[PDB]
């Protein structure tokens, strides 16, 4: 068809200029002349788009298409003397339909200035090696003979090198192997052997609580997850009980020494577990199952304090609403546990070390619950209704958070 | 020659527009940064043009303040021979 | 997105400049369409002394423009150049920072350890190495 | 939609806590 | 908007699925600029011929007068073929064997001592 | 307009806008279409049925329009099939006459070849001993160069421009893979050294006079160790630089842009030397001669000019196209200039007399890529329809058709031997075609009944990661180089 601009827009323009009482044939005469000039320029701006080898366009093809038709590039003002603004363009006007049309000059200075990129640089790679396209990141994607393994000996040697580097004898070797896991596109069809190596490892690595072996395997899990190419939820049924035990298990190794390390490992386990519930989500299978196991870990009495601290951390890192609903009716039990560890003279065991960590973590989570959906007031002795664990020091932490909010 | 004596005093005096921004729009048109004092004169000549319009639009706002509108820019640029356009389509 | 940040790092620096200049004996809370009008006349003015002072020097067989090529360029735009030492003379000058850099680490690219394979004799040594 | 392979995925049909040995023989 | 929603249908009838962020906004800005210069010339022409209201013939006259000092367009084929045969008749010149860097005369090149001001 | 062919769809929407007379009086493409004659090659077996329906006075007016606006060029032979007529139509003033494609074309290479022109036909430049030393090390590269063929497929080294937020509009590589130029939308030309040898220019005018003067190492002395970068930016165009062309002696970069000038940049001083102002309109392409003296530039003003780097005015004006001269390519003997264009025709132009000696029609979109065979006997053209049409310069017919690409084919090159034609498009693919099995067979009828050999001629496709292949280059050791801005 031949689509033109509407004539009922051309009469609005004419009567808002001083030219009143225009006929319909006078008004139809305006909207076929200007609709041709739009069609003449958009067909002529198409020349610059096809010769600019882009199709997408950069605000500027219409600026050269106008200059080609001996009409000035600038829009929003027309100079009848032509001399200060010749056919050089001014880049158009950054205007919108949902524009407020009113702005504060001070706000524009307040708004941050964007950074400037490195200048264009030249980088060569390989599309084809003697006919075959390589999988580099610059590329898009009764006697009978014995069977041949689908995995290659380069791939099997790669698996052996990556697994012997990921057990962390040297740190630079680990870090590359972790980046190699994080971005190898062909790491599918090797993924059963990696999942089995992880799963089997943690289970025979908690027989003796070897913390590095576990911290390296958890970093291997994290490096497996952020790889975008591979399909993981076929293997997550082996991945999730491995991270579960890491968080909810006792430490054969004494904790007064690496419990800080152990705590860090638990945090890593709780980070990956929250990611494992963020992805791979279907109805009522994964997130609710680990939530139920965490809550019955919490509810059961006389539970190892290492297991208690790990389950507390796992319950805490589950997001905004989960602590808004699951960390409310239980403060009295937490306080009673802290009081029992405090009473009595035996501190040799790991009980109180576990108690102090649990209380600190629970108190910080309470702080956003106090900040997110409550107003501060009576920060001296009202917390004694919650067994008086953090009290005024908790109030001081809340005040520091308020100061950080003021700085923001 | 005052303007030669003026430009020789521009090793100091950082102007209102930075030279990383004035020099960017000069490099876009082929003007390359040989002398940094040359950039500061072009940055000063572009300040004085915008400042002379905002100082004359203030006189058209005192008669009708402390607010720059399009109906103040319209008579201010009309003595310059520049017909400013309302948006009218948003 | 670092693609449109190539342009928006320098155009939103010119927005802070006009917002810092509009406070110099001017108005307050200007209309939005009146600011994108005036900064379009500002970009078209720098781009016109760019094209015309390059044209005046290259007409005289040179490649970079002197002072005598701009004082003839500004005359052909009707500027009255003599009033320009007076504007700069006013203390009212302000300082606005040049923009930052999108990549602070310059060139951190170090690829990854995995050298394998050499080059056939139709590929010189300066081409990239064959991958793993 | 129950016919979808997601229902037959091992993770949906496998309880992780039961799978963990927890040093149990 | 009213006239901006018709502009997105002129582009979609021409098959333009995706162009520039604001291309609809500045084709409407050109269409408004084009109709307020067909009317503006016509109103002066109506005053020039003296009449109560602007008429279609003045509007047509406004378009014809503008097209004479607006878009001349690329030179025509009978003009390009005449300057071609006037130029292609001249035979190719011979080349001096060791003249050096082959350049035009120095008033047609961009090779001058290219001075600058002394910093003081 | 609905009962037209599908490859005329971009032609009819320019006609739907044309409704007034004054709209068409300033178009200058439909103004030249109305005055020219459509050529319309038909057979004599079908023309007898047409003239027995038009010579009668029952119709008597559509016959008057035919004999006023249409030429009819009759050949004695079989009526062509529909998929053969579809291969050789699509241009305004389409399917030109066979009397245009019968002139004698010297399509042979210089130094016996009977198709070769004499050395004194076009006054080319002179050569010295140093030039015979170049061909000695050139055939050492030809050694490692392998008869690519359909078996030893070449390795492609993609030289991607990573950031490129100013839009890259032009690439050229030198004949030895040593420099790579980049024309960008921010009105800059940027030369990159790809060998481990930094770009060096003389720091000052005083420096060259004192150095050398019987030192015997002019090349070492002219380079100045104070100016030595892996990148030199060239300023001076007031518009996006659309053409980029090196000279064969690795000096003298050429660039053309939207502002209507062609610029000659030195690569010894890294400044601009000349600005060639003949077009008032965007010069879409430029290329140096393969001997390095003349250069051709085609622009929006529907001509292509022949310049000589010694005159401010051109020598030949090639003014027969009806739309923009998109491409301009020299023949390997530099006696002929091929100019593809936006009116879907490719035209060969003799440098003597400025005459059009061949007209190649059969593309459905504007021609964006042109390339000659190293024999000089063939010509590959690409356009926006994704078709690579192989033309025989002496025969002047469609010969082959390669229809693997989807979007605009923007780069073509043959191998150094001629064994493989490489094609790069906006589909982000580098396709390799067998350029020996395509010309194996190679009149009195003007066509050869070309087959659908595209599937057999494909050797590989090589999809690129979001990167349109702007340039294709062949190293003298037969290694493919390609350079596209990564989007």
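Every number in this text was worked out from the coordinates using simple rules, so none of it is lab data. Methodologically, a virtual Cβ is constructed for each residue, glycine included, from the backbone with ideal geometry; neighbour enumeration extends over all protein chains shown.
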key: On Cα atoms only, tilt of E:77-87 relative to the major axis of chain E in degrees   = 10
ask   = In whole Å, how far is the Cα centre of the stretch F:425-443 from that of the stretch F:1-73?
value = 34
task = Find the percent of Cα-Cα distances in the stretch F:352-439 that exceed 20 Å, and round it to a whole number.
result = 30
remark   = proj_area_mean for the protein assembly as shown (convex hull on C-alpha atoms), units nm², value 69.2
ask   = Stretch residue A:83-residue A:2 to full length: gain in nm at 0.36 nm per residue minus the Cα-Cα span?
value = 25.4 nm
key: Mean-position separation - Cα centroids, the stretch F:199-217 and the stretch C:90-108, in angstrom   = 39
ask   = Which order results if F:110, F:264 are arranged by neighbouring Cβ count within 10 Å, fewest first?
value = F:110, F:264
query = How high is the relative contact order of chain E, given as a whole-number percent (alpha carbon pairs under 8 Å, six or more residues apart)?
reply = 14
remark   = Longest principal axis of chain E (C-alpha) makes with the long axis of helix E:23-49 (C-alpha) an angle, in degrees to the nearest 10, of 70
message = If neighbour count is taken as other Cβ atoms inside 10 Å, put E:98, F:252, F:47 in order from fewest to most.
response = E:98, F:47, F:252
ask   = Quick one: length gained pulling residue F:112 to residue F:143 fully straight, 0.36 nm per residue minus the C-alpha distance?
value = 8.7 nm
message = Given R₀ = 45 Å, what would the calculated FRET efficiency be for residue A:130 paired with residue A:406, taking r from the Cβ atoms and rounding to 0.05?
response = 0.10
inquiry  = Within a 10 angstrom radius of the beta carbon, how do E:19, B:80 rank from fewest other beta carbons to most?
reply    = B:80, E:19
message = Could you work out the percent of alpha carbon pairs in chain A separated by over 27 Å, rounded to a whole number?
response = 71
query = Separation between the residue D:4 and residue E:117 pseudo-spin-labels, each 7 Å from Cα along Cα→Cβ, expressed in nm?
reply = 7.3
message = Applying a 10 Å radius around every beta-carbon, put F:155-168, A:337-350, A:311-324 in order of their mean neighbour count, most first.
response = F:155-168, A:311-324, A:337-350
ask   = With r defined as the distance between the Cβ atoms of residue F:61 and residue E:51 and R0 fixed at 41 Å, what FRET efficiency is calculated, to the nearest 0.05?
value = 0.40
query = To the nearest 0.05, what FRET efficiency results for residue A:371 and residue A:157 with a Förster distance of 56 Å applied to their C-beta separation?
reply = 0.55
note = Taking the stretch F:369-487, the whole-percent share of alpha-carbon pairs separated by over 18 angstrom is 47
ask   = So for chain F, what are the equivalent ellipsoid semi-axes in whole Å, largest first, each being the square root of 5 times an eigenvalue of the Cα gyration tensor?
value = 42, 25, 22
Simple label model, 7 Å out from Cα along Cβ direction - residue A:275 to residue B:33, nm = 4.1
query = Which value in nm describes the separation of the simple spin-label points at residue E:95 and residue A:340, placed 7 Å from the Cα toward the beta carbon?
reply = 10.0
inquiry  = What does the structure give for C:49-60 when I average, per residue, the other chain Cβ atoms found within 10 Å of the residue Cβ?
reply    = 6
query = Among F:81-94, F:401-414, F:125-138, C:75-88, how do they line up from the highest to the lowest mean number of other beta-carbon atoms within 10 Å?
reply = F:401-414, F:81-94, C:75-88, F:125-138
query = Taking N as the number of residues in the stretch A:1-122, what is its Cα Rg relative to 2.2 N^0.38 Å?
reply = 1.41
note = In units of 2.2 N^0.38 Å, the Cα radius of gyration of the stretch F:1-89 is 1.30
query = Taking every residue in A:365-378, how many Cβ atoms of other protein chains lie within 10 Å of its Cβ, on average?
reply = 0
Inter-chain shielding of E:61-73 (mean C-beta neighbours from other protein chains, 10 Å cut-off) = 3
ask   = Where does the protein assembly as shown land at 222 nm, in deg cm²/dmol rounded to the nearest 500, when only DSSP H runs of n ≥ 4 count, each adding -39500 (n - 2.57), divided by all residues?
value = -11500 deg cm²/dmol
ask   = Once all Cα-Cα distances of chain E are split into 5 Å bins that start at 0, what whole-number percent is in each one?
value = 2, 7, 9, 8, 8, 10, 9, 8, 8, 10, 9, 7, 3, 1, 0, 0
request  = For chain C, report the translational diffusion coefficient in µm²/s to the nearest whole number, using Stokes-Einstein at 4 °C, 1.567 mPa s, and a Kirkwood Rh over Cα pairs.
outcome  = 64
